[PDB]
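Trainee: Quick one: structure below, then a few questions.
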Amino acid sequence: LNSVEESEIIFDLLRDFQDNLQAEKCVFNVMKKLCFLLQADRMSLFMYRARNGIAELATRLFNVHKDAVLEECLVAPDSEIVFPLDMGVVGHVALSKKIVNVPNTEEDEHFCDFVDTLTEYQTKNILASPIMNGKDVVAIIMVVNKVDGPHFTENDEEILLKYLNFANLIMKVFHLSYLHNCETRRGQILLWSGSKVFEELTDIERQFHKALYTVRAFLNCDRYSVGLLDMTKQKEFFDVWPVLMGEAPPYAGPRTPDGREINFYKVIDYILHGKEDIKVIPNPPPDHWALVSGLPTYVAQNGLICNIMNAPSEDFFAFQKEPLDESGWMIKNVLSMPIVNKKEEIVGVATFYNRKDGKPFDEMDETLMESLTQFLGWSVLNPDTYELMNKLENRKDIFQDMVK
Amino acid sequence: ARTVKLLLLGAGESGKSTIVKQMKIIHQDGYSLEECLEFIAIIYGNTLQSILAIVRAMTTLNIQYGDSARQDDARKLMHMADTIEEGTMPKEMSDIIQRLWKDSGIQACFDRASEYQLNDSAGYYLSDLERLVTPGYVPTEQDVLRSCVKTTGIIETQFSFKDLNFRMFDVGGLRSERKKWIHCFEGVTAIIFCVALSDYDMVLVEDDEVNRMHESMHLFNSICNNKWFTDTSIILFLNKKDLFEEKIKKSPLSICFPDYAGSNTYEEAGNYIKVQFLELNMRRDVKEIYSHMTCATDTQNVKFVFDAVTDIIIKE
Amino acid sequence: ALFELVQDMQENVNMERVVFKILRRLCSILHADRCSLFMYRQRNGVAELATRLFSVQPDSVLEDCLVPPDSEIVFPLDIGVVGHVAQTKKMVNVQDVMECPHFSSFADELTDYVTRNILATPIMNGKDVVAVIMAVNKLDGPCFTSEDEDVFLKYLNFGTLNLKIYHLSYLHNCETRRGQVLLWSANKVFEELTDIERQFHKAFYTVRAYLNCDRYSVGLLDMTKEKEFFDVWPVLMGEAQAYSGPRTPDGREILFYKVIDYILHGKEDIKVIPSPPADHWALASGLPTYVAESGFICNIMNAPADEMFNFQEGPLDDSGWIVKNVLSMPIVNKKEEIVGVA
Amino acid sequence: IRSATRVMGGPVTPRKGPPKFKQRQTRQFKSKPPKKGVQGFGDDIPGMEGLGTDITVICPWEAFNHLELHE
Amino acid sequence: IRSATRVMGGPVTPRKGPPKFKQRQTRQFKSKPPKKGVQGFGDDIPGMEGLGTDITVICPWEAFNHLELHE
Ligand SMILES: Nc1nc2c(ncn2[C@@H]2O[C@H](COP(=O)(O)OP(=O)(O)OP(=O)(O)O)[C@@H](O)[C@H]2O)c(=O)[nH]1
Ligand SMILES: Nc1nc2c(ncn2[C@@H]2O[C@@H]3COP(=O)(O)O[C@H]3[C@H]2O)c(=O)[nH]1
Ligand SMILES: Nc1nc2c(ncn2[C@@H]2O[C@@H]3COP(=O)(O)O[C@H]3[C@H]2O)c(=O)[nH]1
């Protein structure tokens, strides 16, 4: 099992705490020795994320056996396996937050068997433990099978709880950097948008087109789009009459949650992957590349933040399944949210496509774009005062020309 | 001897084509005696555009005219300059321009010329506008080489020295014109890169929020370490040293390089900028780069440096 | 010994404790007699090096080697070996101090101690300095040998990680709060149109928890430039005297017509004053009127022992309140005209 | 391309169901409950994780903490 | 005892001289000089480094830099 002078594995592990911690090589290196110490056949690492307020566990390192290399055990972003938080031993570990081990899988309850068909493995024994940041779980590490015995004993639990201190430290500093990386950008976009919304009074169309153009870099996305609704509640008398007399049958389409017709009169879209092409389309046709999917006309009714993970496999919305460009560019992720104007009235819809890392949107990219749209919704006070000024001035001119 | 192919490129509006003129007109095929044929219209357009832009920026910068009556004059100008022809400066134009420049209010705007965009040579021109407006004026050679125009296309120049055959190409410095650089990349012997020393507190024409020194450094670092030009050598040129000498005292270096400290002189920061423009090279000792200061309008320094450059090209 | 002190970074990173236990070992390995630690910070554009651990020796404890914020020694980085090291960003080894041009006996008169040999190095995060460590006074040889200079570097590789973690955690702390103040100020600025006196009272009051202060004050300036004809007559007729006070960089006269002040220790006690007297507990020092003459960001470190201004000592309040640190900056309105001072 | 998971073209899941979308947040209360548990990295930010402004106003008697019963 | 620094009043200092104060922040830019050699924690944030655009648009020829000058 070991001797005392033989514990130079401590020095071998400390030798890599020198510089530029990649946070992927170090975990692999400690697992490749923990596999030998425990006398197990396979080890794996699942990572934790949250979408739509619901937790998920996605694999990051798979089949890390003894004498293996890094490049054949790193899971690409689009070849993952995603588990809900209630199914399997992994879900049980994440819910209970304590180390578990099953001497026999078949007799035990809530043992799933989905992976045993994809990867044709038998999974006779399981031992798992979580790693915490303090009240929060950050990853799960599992060991499968035993080299030459019935099951894992208690001494192996002692070994794991002793050598897990070198990974509780690596995984925690990889988590802080992400939070810093998101807070910086959240501060910057608010500051730079406040620079451009206090420069001049003008109409709503120009203000959004000067506030969204300045923050291209901070939102690393390929394309995004904004659509503006119409605010005319009640029409004149000479337009209602044809309906109440037996012509032009009444409206049949959808309605906002306070009563209106859902009509987009302007659409702004930005393309930032091939070459910058900013365009404005008045009165867009119902086959514009943003409006076909039916998502921006579903957000306007319910008013719910919607997050989609694999668009070409969704059934409810029927996105496109072919490239939309000469080069091969296809939709893979979508996120949409509404804009409100201090009286719980929807004024527009914003949509973002295809994050620039290949990975789907998560919590730390929901909060940023929720704060952006909150600020944009609050900032609609200025365009109204423009109209009020441009009416007061004309009324004053008329009444001053009446006295002359 | 067998053939020499030189390419000139660099940041836009840096005086690349001024070297082409200062070489071709001065040395080979003779000067242009009938210079007025183009220089009349060119200088008239430059001098009109400069004083139009200054008054257009007056309102933006909220500076108020020195005298009340001046407020009338500008208006007249902005109406009567629209329906005028090109390359003509009638007395009605010259009188208004001279009267406007004879003010203590326009000087306030002209002192702060970093915020907006004006041609740099214009400050030398308009002061002697009368010399232009007098009939029969034929420009001086120094006035000839201070004109301005947008170098756009690819042009072949044939310098001669050391009994060699030369072919010089130059290209536009804007972002759009950068696509055309690829055609002349293949099969070259040397490359020349141009930098303007004065532009440490200015902004790009295309993008309003990007500095110019940073743009030049990012442009340089890309091709400097590339393997396409590994075989060939690179020659660096620094222009606008006169305006650099003038300005370098006026404003600090902290705006462009945030962490600089000390007191600025015409030579203390020169090595700073040169070492920061040469550290970007990856191969420290495999390849070497040379940079020289240059005033394009002058001829003495051109003769001092161009022959040495050709000799160094010969040495290899 | 190394597995211990890795068992101590499990939660709530302890910058003081773990570095102390590293230094207690590094002092024994090198046969040195003392060790230290200097921290790096910047005030109003200039850099300096404070003190955080002093005179650590192999058998000391944590209580007799931790320096509180009041018993400090601050070195500008153009004085001494410490400044030379923190400026050059390289290791320094000094066999004898009688010859080095860079040396100071200032720290030897206070502590009654004599130094002969020195060995020091910086600690780097990327391109920035975070600290400096010293290994004064070797006990057996004439000076530090050349074989110790590699033990030093190869053994400080573990303390480098801890100090980098501390520095990173500190930067996450001061960027979380910058988003919140902006968001919760926009929230109360975009509620309705109002005059200036009410915006600066709604917005400065709802972010009083993120700003970790005890008192702060805001002063507003008059915005009228040209006077009336019936007021310029007395001056031109010998009836009065021309103005002679300070002037704002655009010519206006400096007079405050409102002062909003907040007290945040003990009682909330918000207040407004319609016309401040000649001696208010804020305007009396003279800093708010020196800031208005020329727009400067000012930062005083030891207020009771300054000479240019006058922060008179003795508590202003019954509970006992002495000013010790002050910061003040102007407010500009996109037209380059001062509107107030905070 | 083994890929170590035998899946290519997109993520796979054990079970599928109707989509569920998150709801907005309106009230945005300031205060927080008292804090329990181990600390971990990334906490102790002054402005956040607190009720009101200070402890003294909440419990005015707490100032006399060091004093004994009799006084 | 005396906190091991033998000073109790306040921060002492070797130097003396006239105070120097900072200038206000007038103009801002989106650009930074190109990166140096060595990097540490917190130096990879998107949008906080470079010129705000990918290097392809500024230098189109660098797109297909894999293929040499033969074609
Ligand atoms: N004062 C001064 N101006 C200079 C000097 N060198 C060049 N210039 C200016 O540079 C201008 C000519 O540069 P450009 O015509 O723009 O040539 P370019 O560098 O190829 O830039 P583009 O034409 O836009 O492609 C002249 O009008 C001069 O004002 C110099 O040494 N001193
Ligand atoms: N092929 C393979 N399967 C694993 C590995 N680690 C865990 N699993 C399986 O993945 C399953 C996921 O949910 P489970 O029900 O907890 O039981 C788990 C094991 O059957 C591994 O390293 N290789
Ligand atoms: N008494 C004492 N002096 C120290 C210690 N560490 C550094 N110094 C001295 O303090 C001085 C501060 O700057 P210096 O002049 O570069 O050289 C330094 C040493 O002489 C210490 O631990 N104890």
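Ordering of the structure tokens sets the chain letters (A, B, ...), residue numbers begin anew at 1 in every chain, and ligands are numbered from 1 in the order given.
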In Å, how much C-alpha RMSD is there between chain D and chain E after the fit, with all atoms paired in order?

Mentor: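 The root-mean-square deviation of C-alpha positions is 1.0 Å.
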
Trainee: With only C-alpha atoms as the counted atoms, please give the residues lying no more than 8 Å from residue 241 (chain B), apart from itself and same-chain residues fewer than 4 positions off, as a list in words.

Mentor: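 My list of contacting residues is residues 197, 198, 245, 293, 294 and 295 of chain B.
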
Trainee: Using only C-alpha atoms, which protein or nucleic acid residues come within 7 Å of region 251-261 of chain C? Drop anything in the same chain fewer than 5 positions from it, and give the result as a PDB file with N, CA, C and O atoms, in the first residue's frame.

Mentor:
```
ATOM      1  N   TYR C 216     -19.312  61.489   5.594  1.00  0.00           N
ATOM      2  CA  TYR C 216     -18.968  62.129   4.339  1.00  0.00           C
ATOM      3  C   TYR C 216     -19.911  63.290   4.093  1.00  0.00           C
ATOM      4  O   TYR C 216     -20.996  63.372   4.669  1.00  0.00           O
ATOM      5  N   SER C 217     -19.466  64.201   3.236  1.00  0.00           N
ATOM      6  CA  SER C 217     -20.130  65.480   3.061  1.00  0.00           C
ATOM      7  C   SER C 217     -20.082  65.882   1.598  1.00  0.00           C
ATOM      8  O   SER C 217     -19.164  65.506   0.867  1.00  0.00           O
ATOM      9  N   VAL C 218     -21.085  66.648   1.176  1.00  0.00           N
ATOM     10  CA  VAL C 218     -21.200  67.128  -0.194  1.00  0.00           C
ATOM     11  C   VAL C 218     -21.483  68.621  -0.160  1.00  0.00           C
ATOM     12  O   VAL C 218     -22.330  69.080   0.612  1.00  0.00           O
ATOM     13  N   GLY C 219     -20.786  69.378  -0.991  1.00  0.00           N
ATOM     14  CA  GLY C 219     -20.995  70.815  -1.067  1.00  0.00           C
ATOM     15  C   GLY C 219     -21.250  71.260  -2.489  1.00  0.00           C
ATOM     16  O   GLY C 219     -20.569  70.826  -3.417  1.00  0.00           O
ATOM     17  N   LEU C 220     -22.230  72.147  -2.645  1.00  0.00           N
ATOM     18  CA  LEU C 220     -22.701  72.615  -3.940  1.00  0.00           C
ATOM     19  C   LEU C 220     -22.252  74.049  -4.191  1.00  0.00           C
ATOM     20  O   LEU C 220     -22.145  74.852  -3.263  1.00  0.00           O
ATOM     21  N   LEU C 221     -22.008  74.371  -5.458  1.00  0.00           N
ATOM     22  CA  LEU C 221     -21.479  75.666  -5.857  1.00  0.00           C
ATOM     23  C   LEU C 221     -22.518  76.468  -6.627  1.00  0.00           C
ATOM     24  O   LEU C 221     -23.387  75.909  -7.299  1.00  0.00           O
ATOM     25  N   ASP C 222     -22.416  77.790  -6.521  1.00  0.00           N
ATOM     26  CA  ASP C 222     -23.259  78.684  -7.302  1.00  0.00           C
ATOM     27  C   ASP C 222     -22.849  78.657  -8.770  1.00  0.00           C
ATOM     28  O   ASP C 222     -21.681  78.454  -9.106  1.00  0.00           O
ATOM     29  N   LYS C 225     -22.641  83.491 -13.526  1.00  0.00           N
ATOM     30  CA  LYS C 225     -21.377  84.070 -13.967  1.00  0.00           C
ATOM     31  C   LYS C 225     -21.407  85.595 -13.976  1.00  0.00           C
ATOM     32  O   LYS C 225     -20.592  86.239 -13.312  1.00  0.00           O
ATOM     33  N   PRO C 246     -10.587  83.370  -3.960  1.00  0.00           N
ATOM     34  CA  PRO C 246     -10.231  82.388  -4.987  1.00  0.00           C
ATOM     35  C   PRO C 246     -11.235  82.389  -6.126  1.00  0.00           C
ATOM     36  O   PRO C 246     -12.361  82.873  -6.000  1.00  0.00           O
ATOM     37  N   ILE C 270     -29.048  62.381   9.481  1.00  0.00           N
ATOM     38  CA  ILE C 270     -28.906  63.121   8.233  1.00  0.00           C
ATOM     39  C   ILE C 270     -29.284  64.579   8.467  1.00  0.00           C
ATOM     40  O   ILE C 270     -30.152  64.895   9.290  1.00  0.00           O
ATOM     41  N   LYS C 271     -28.631  65.482   7.738  1.00  0.00           N
ATOM     42  CA  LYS C 271     -28.841  66.906   7.950  1.00  0.00           C
ATOM     43  C   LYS C 271     -28.709  67.653   6.634  1.00  0.00           C
ATOM     44  O   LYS C 271     -28.072  67.184   5.690  1.00  0.00           O
ATOM     45  N   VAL C 272     -29.338  68.827   6.584  1.00  0.00           N
ATOM     46  CA  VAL C 272     -29.197  69.764   5.477  1.00  0.00           C
ATOM     47  C   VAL C 272     -29.042  71.158   6.069  1.00  0.00           C
ATOM     48  O   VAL C 272     -29.670  71.496   7.075  1.00  0.00           O
ATOM     49  N   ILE C 273     -28.190  71.966   5.449  1.00  0.00           N
ATOM     50  CA  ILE C 273     -27.940  73.322   5.931  1.00  0.00           C
ATOM     51  C   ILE C 273     -28.235  74.316   4.814  1.00  0.00           C
ATOM     52  O   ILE C 273     -27.707  74.173   3.704  1.00  0.00           O
ATOM     53  N   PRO C 274     -29.067  75.326   5.057  1.00  0.00           N
ATOM     54  CA  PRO C 274     -29.457  76.243   3.978  1.00  0.00           C
ATOM     55  C   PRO C 274     -28.357  77.209   3.575  1.00  0.00           C
ATOM     56  O   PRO C 274     -28.300  77.634   2.419  1.00  0.00           O
ATOM     57  N   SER C 275     -27.503  77.588   4.515  1.00  0.00           N
ATOM     58  CA  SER C 275     -26.369  78.453   4.218  1.00  0.00           C
ATOM     59  C   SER C 275     -25.269  78.201   5.239  1.00  0.00           C
ATOM     60  O   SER C 275     -25.398  78.605   6.401  1.00  0.00           O
ATOM     61  N   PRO C 276     -24.185  77.541   4.850  1.00  0.00           N
ATOM     62  CA  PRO C 276     -23.176  77.130   5.822  1.00  0.00           C
ATOM     63  C   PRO C 276     -22.509  78.332   6.460  1.00  0.00           C
ATOM     64  O   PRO C 276     -22.251  79.341   5.789  1.00  0.00           O
TER      65      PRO C 276
END
```

Trainee: What does the structure give for the distance between CA of residue 6 (chain A) and CA of residue 23 (chain A), in Å to one decimal?

Mentor: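 Spanning CA of residue 6 (chain A) to CA of residue 23 (chain A) is a straight-line distance of 26.6 Å.
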
Trainee: With only C-alpha atoms as the counted atoms, please give the residues lying no more than 12 Å from residue 268 (chain C), apart from itself and same-chain residues fewer than 2 positions off, as a list in words.

Mentor: residues 205, 208, 214, 215, 216, 261, 262, 263, 264, 265, 266, 270 and 271 of chain C; 52, 53, 54, 56 and 57 of chain D

Trainee: Between C:342, C:124, C:19, C:151, which has the minimum distance to chain E (counting only C-alpha atoms)?

Mentor: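 The closest residue to chain E is C:124.
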
Trainee: Leaving out region 146-162 of chain A and any residue of its chain fewer than 2 positions from it, which residues lie within 12 Å of it when counting only C-alpha atoms, given as a CSV table (one decimal) with N, CA, C and O atoms, in the first residue's frame?

Mentor:
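The resulting file, part_0.csv, is reproduced below:
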```
chain,number,residue,atom,x,y,z
A,1,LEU,N,0.8,-1.2,0.0
A,1,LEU,CA,0.0,0.0,0.0
A,1,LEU,C,0.8,1.3,0.0
A,1,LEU,O,0.6,2.2,-0.8
A,2,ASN,N,1.9,1.3,0.9
A,2,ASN,CA,3.0,2.3,0.8
A,2,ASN,C,3.9,2.1,2.0
A,2,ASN,O,3.7,1.3,2.9
A,10,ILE,N,4.1,13.3,-2.3
A,10,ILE,CA,3.8,14.7,-1.8
A,10,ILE,C,4.7,15.7,-2.5
A,10,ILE,O,4.2,16.7,-3.0
A,30,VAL,N,-3.2,14.5,-10.5
A,30,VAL,CA,-3.5,14.0,-9.2
A,30,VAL,C,-4.4,12.8,-9.3
A,30,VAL,O,-4.3,11.8,-8.6
A,31,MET,N,-5.4,12.8,-10.3
A,31,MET,CA,-6.2,11.6,-10.5
A,31,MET,C,-5.4,10.4,-11.0
A,31,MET,O,-5.7,9.3,-10.6
A,33,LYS,N,-2.6,9.4,-10.1
A,33,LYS,CA,-2.0,8.7,-9.0
A,33,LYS,C,-3.0,8.2,-8.0
A,33,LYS,O,-2.8,7.2,-7.3
A,34,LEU,N,-4.1,9.0,-7.7
A,34,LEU,CA,-5.2,8.5,-6.9
A,34,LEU,C,-5.8,7.2,-7.4
A,34,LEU,O,-6.3,6.4,-6.6
A,35,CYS,N,-5.7,7.0,-8.7
A,35,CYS,CA,-6.2,5.7,-9.3
A,35,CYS,C,-5.3,4.6,-8.8
A,35,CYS,O,-5.8,3.5,-8.5
A,36,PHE,N,-4.0,4.8,-8.8
A,36,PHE,CA,-3.0,3.8,-8.4
A,36,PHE,C,-3.1,3.5,-6.9
A,36,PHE,O,-3.1,2.4,-6.4
A,37,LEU,N,-3.3,4.6,-6.1
A,37,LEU,CA,-3.3,4.4,-4.6
A,37,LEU,C,-4.6,3.6,-4.2
A,37,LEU,O,-4.5,2.8,-3.3
A,38,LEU,N,-5.7,3.9,-4.8
A,38,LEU,CA,-7.0,3.3,-4.4
A,38,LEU,C,-7.1,1.9,-5.0
A,38,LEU,O,-7.9,1.1,-4.5
A,39,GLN,N,-6.3,1.5,-6.0
A,39,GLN,CA,-6.4,0.2,-6.7
A,39,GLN,C,-7.7,0.1,-7.4
A,39,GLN,O,-8.5,-0.9,-7.2
A,40,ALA,N,-8.1,1.1,-8.2
A,40,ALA,CA,-9.3,1.1,-8.9
A,40,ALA,C,-9.1,1.0,-10.4
A,40,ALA,O,-7.9,1.1,-10.9
A,41,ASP,N,-10.1,0.8,-11.2
A,41,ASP,CA,-10.0,0.7,-12.6
A,41,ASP,C,-10.2,2.0,-13.4
A,41,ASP,O,-9.5,2.3,-14.3
A,42,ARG,N,-11.3,2.7,-13.0
A,42,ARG,CA,-11.6,3.9,-13.7
A,42,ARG,C,-11.9,5.0,-12.8
A,42,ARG,O,-12.4,4.8,-11.6
A,43,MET,N,-11.7,6.3,-13.2
A,43,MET,CA,-12.0,7.5,-12.5
A,43,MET,C,-12.6,8.5,-13.4
A,43,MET,O,-12.4,8.4,-14.6
A,65,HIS,N,-7.8,6.3,-16.8
A,65,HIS,CA,-7.2,5.1,-16.2
A,65,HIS,C,-5.7,5.3,-16.0
A,65,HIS,O,-5.1,6.3,-16.4
A,66,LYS,N,-5.0,4.3,-15.4
A,66,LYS,CA,-3.6,4.4,-15.2
A,66,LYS,C,-2.8,4.4,-16.5
A,66,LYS,O,-3.3,3.9,-17.5
A,98,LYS,N,-22.4,14.2,0.9
A,98,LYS,CA,-21.5,13.4,1.7
A,98,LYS,C,-21.0,12.2,0.9
A,98,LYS,O,-21.7,11.7,0.1
A,99,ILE,N,-19.8,11.7,1.3
A,99,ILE,CA,-19.2,10.6,0.5
A,99,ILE,C,-20.0,9.4,0.7
A,99,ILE,O,-20.5,9.1,1.8
A,100,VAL,N,-20.2,8.6,-0.4
A,100,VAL,CA,-20.9,7.4,-0.4
A,100,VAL,C,-20.2,6.3,-1.1
A,100,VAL,O,-19.3,6.6,-1.9
A,101,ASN,N,-20.5,5.1,-0.8
A,101,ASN,CA,-20.0,3.9,-1.5
A,101,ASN,C,-21.0,2.8,-1.5
A,101,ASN,O,-21.6,2.5,-0.5
A,102,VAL,N,-21.1,2.1,-2.6
A,102,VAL,CA,-22.1,1.0,-2.7
A,102,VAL,C,-21.3,-0.3,-2.9
A,102,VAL,O,-20.6,-0.5,-3.9
A,103,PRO,N,-21.4,-1.3,-2.0
A,103,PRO,CA,-20.7,-2.6,-2.2
A,103,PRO,C,-21.3,-3.3,-3.4
A,103,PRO,O,-20.5,-4.1,-4.0
A,104,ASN,N,-22.5,-3.2,-3.8
A,104,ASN,CA,-23.1,-3.9,-4.9
A,104,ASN,C,-24.2,-3.0,-5.5
A,104,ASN,O,-25.1,-2.5,-4.9
A,105,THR,N,-24.0,-2.7,-6.8
A,105,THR,CA,-24.9,-1.8,-7.5
A,105,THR,C,-26.3,-2.4,-7.7
A,105,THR,O,-27.3,-1.7,-7.5
A,122,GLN,N,-19.4,-2.4,-17.1
A,122,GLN,CA,-20.2,-3.2,-16.2
A,122,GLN,C,-20.5,-2.5,-14.9
A,122,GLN,O,-21.6,-2.7,-14.3
A,123,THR,N,-19.6,-1.7,-14.3
A,123,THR,CA,-19.8,-0.9,-13.1
A,123,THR,C,-20.4,-1.7,-11.9
A,123,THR,O,-21.5,-1.6,-11.5
A,124,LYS,N,-19.5,-2.6,-11.5
A,124,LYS,CA,-19.8,-3.4,-10.3
A,124,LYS,C,-19.7,-2.7,-9.0
A,124,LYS,O,-20.4,-3.1,-8.0
A,125,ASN,N,-18.9,-1.7,-8.8
A,125,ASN,CA,-18.7,-1.0,-7.6
A,125,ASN,C,-18.6,0.5,-7.8
A,125,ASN,O,-18.1,0.9,-8.9
A,126,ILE,N,-19.0,1.3,-6.9
A,126,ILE,CA,-18.9,2.8,-7.0
A,126,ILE,C,-18.6,3.4,-5.6
A,126,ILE,O,-19.1,3.0,-4.6
A,127,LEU,N,-17.7,4.4,-5.7
A,127,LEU,CA,-17.4,5.2,-4.5
A,127,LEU,C,-17.2,6.6,-4.9
A,127,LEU,O,-16.4,6.9,-5.8
A,128,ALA,N,-17.9,7.5,-4.3
A,128,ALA,CA,-18.0,8.9,-4.8
A,128,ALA,C,-17.9,9.9,-3.6
A,128,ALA,O,-18.3,9.6,-2.5
A,129,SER,N,-17.4,11.1,-3.8
A,129,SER,CA,-17.3,12.2,-2.9
A,129,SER,C,-17.4,13.5,-3.6
A,129,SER,O,-16.8,13.6,-4.7
A,130,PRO,N,-18.0,14.5,-2.9
A,130,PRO,CA,-18.0,15.8,-3.6
A,130,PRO,C,-16.9,16.8,-3.1
A,130,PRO,O,-16.3,16.5,-2.0
A,131,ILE,N,-16.7,17.9,-3.8
A,131,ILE,CA,-15.8,18.9,-3.3
A,131,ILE,C,-16.6,20.2,-3.2
A,131,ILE,O,-17.3,20.6,-4.2
A,141,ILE,N,-16.2,13.7,-8.0
A,141,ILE,CA,-15.2,12.8,-8.5
A,141,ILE,C,-15.6,11.3,-8.2
A,141,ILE,O,-16.0,11.1,-7.1
A,142,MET,N,-15.6,10.4,-9.1
A,142,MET,CA,-16.1,9.0,-8.9
A,142,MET,C,-15.1,8.0,-9.3
A,142,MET,O,-14.4,8.3,-10.2
A,143,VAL,N,-15.1,6.9,-8.6
A,143,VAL,CA,-14.1,5.7,-9.0
A,143,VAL,C,-14.9,4.5,-9.2
A,143,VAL,O,-15.6,4.1,-8.4
A,144,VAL,N,-14.7,3.8,-10.3
A,144,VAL,CA,-15.5,2.6,-10.7
A,144,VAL,C,-14.7,1.3,-10.8
A,144,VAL,O,-13.6,1.3,-11.3
A,164,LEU,N,-7.4,14.2,-1.0
A,164,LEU,CA,-8.3,15.1,-1.7
A,164,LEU,C,-8.0,16.6,-1.3
A,164,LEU,O,-8.6,17.5,-1.9
A,165,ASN,N,-7.1,16.9,-0.4
A,165,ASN,CA,-6.7,18.2,0.0
A,165,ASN,C,-5.9,18.9,-1.1
A,165,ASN,O,-6.0,20.2,-1.2
A,166,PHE,N,-5.3,18.2,-2.0
A,166,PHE,CA,-4.5,18.8,-3.1
A,166,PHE,C,-5.4,19.1,-4.3
A,166,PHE,O,-5.0,19.8,-5.2
A,167,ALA,N,-6.7,18.6,-4.3
A,167,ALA,CA,-7.6,19.0,-5.3
A,167,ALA,C,-8.7,20.0,-4.8
A,167,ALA,O,-9.2,20.8,-5.6
A,168,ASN,N,-9.0,19.9,-3.5
A,168,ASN,CA,-9.9,21.0,-2.9
A,168,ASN,C,-9.3,22.4,-3.1
A,168,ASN,O,-10.0,23.4,-3.1
C,3,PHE,N,3.1,19.1,4.2
C,3,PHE,CA,1.7,18.7,4.2
C,3,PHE,C,0.9,19.5,5.2
C,3,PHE,O,-0.2,20.0,4.9
C,4,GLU,N,1.5,19.7,6.4
C,4,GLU,CA,1.0,20.7,7.3
C,4,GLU,C,1.3,22.1,6.6
C,4,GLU,O,2.2,22.2,5.9
C,6,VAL,N,-0.3,23.1,4.2
C,6,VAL,CA,-1.2,22.9,3.1
C,6,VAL,C,-2.6,22.5,3.7
C,6,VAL,O,-3.6,22.8,3.0
C,7,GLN,N,-2.6,21.8,4.8
C,7,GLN,CA,-3.9,21.5,5.5
C,7,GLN,C,-4.5,22.8,6.1
C,7,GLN,O,-5.6,22.7,6.6
```

Trainee: Could you name the residues that touch residue 72 (chain B) at 12 Å or less, counting only C-alpha atoms, but leaving out those on the same chain fewer than 5 positions away, as a list in words?

Mentor: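 Counting only the stated atoms, we get residues 65, 67, 77, 78, 79, 96, 99 and 100 of chain B.
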
Trainee: Extract the full set of strand (DSSP E or B) residues from region 60-199 of chain C according to DSSP on the backbone, and format it as a list in words.

Mentor: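 Those residues are residues 66, 73, 75, 76, 92, 93, 94, 118, 119, 120, 121, 122, 123, 124, 125, 128, 129, 130, 131, 132, 133, 134 and 138 of chain C.
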
Trainee: Enumerate residues in contact with ligand 2: an atom-to-atom distance of at most 7 Å, counting only C-alpha atoms and all ligand atoms. Format the result as a PyMOL selection string.

Mentor: chain A and resi 42-44+62-64+88-90+111-116+119-121+123+142-144

Trainee: At a cut-off of 9 Å, using only C-alpha atoms, what residues contact region 21-38 of chain D? Leave out same-chain residues fewer than 3 positions from it and give the result as a list in words.

Mentor: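 Listing them by chain and then by number gives residues 51, 52, 53, 133, 134, 135, 303, 304, 305, 306 and 307 of chain A; 11 and 12 of chain C; 48, 49, 50, 51 and 52 of chain D.
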
Trainee: Hey, which of C:91, C:103, C:22, C:67 ends up closest to ligand 3? Count only C-alpha atoms and all ligand atoms.

Mentor: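 Among C:91, C:103, C:22, C:67, it is C:103 that comes nearest to ligand 3.
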
Trainee: 10 Å from ligand 1 is the threshold here; counting only C-alpha atoms and all ligand atoms, which polymer residues fall inside it? Answer as a ChimeraX atom specification.

Mentor: /B:8-21,46,119-124,144-153,170-174,177,194-198,238-244,246,293-298

Trainee: Would you mind listing, for every residue of chain A within 7 Å of chain C, the two atoms forming the shortest contact and the distance between them in Å to one decimal, using only C-alpha atoms, sorted by chain and ascending residue number, as JSON lines?

Mentor:
```
{"residue": "A:18", "atom": "CA", "partner": "C:157", "partner_atom": "CA", "distance": 6.2}
{"residue": "A:169", "atom": "CA", "partner": "C:10", "partner_atom": "CA", "distance": 6.7}
{"residue": "A:180", "atom": "CA", "partner": "C:172", "partner_atom": "CA", "distance": 5.3}
{"residue": "A:183", "atom": "CA", "partner": "C:176", "partner_atom": "CA", "distance": 6.0}
{"residue": "A:184", "atom": "CA", "partner": "C:175", "partner_atom": "CA", "distance": 6.4}
{"residue": "A:186", "atom": "CA", "partner": "C:179", "partner_atom": "CA", "distance": 6.5}
{"residue": "A:187", "atom": "CA", "partner": "C:179", "partner_atom": "CA", "distance": 4.7}
{"residue": "A:378", "atom": "CA", "partner": "C:190", "partner_atom": "CA", "distance": 6.3}
{"residue": "A:379", "atom": "CA", "partner": "C:190", "partner_atom": "CA", "distance": 6.6}
{"residue": "A:381", "atom": "CA", "partner": "C:190", "partner_atom": "CA", "distance": 6.7}
```
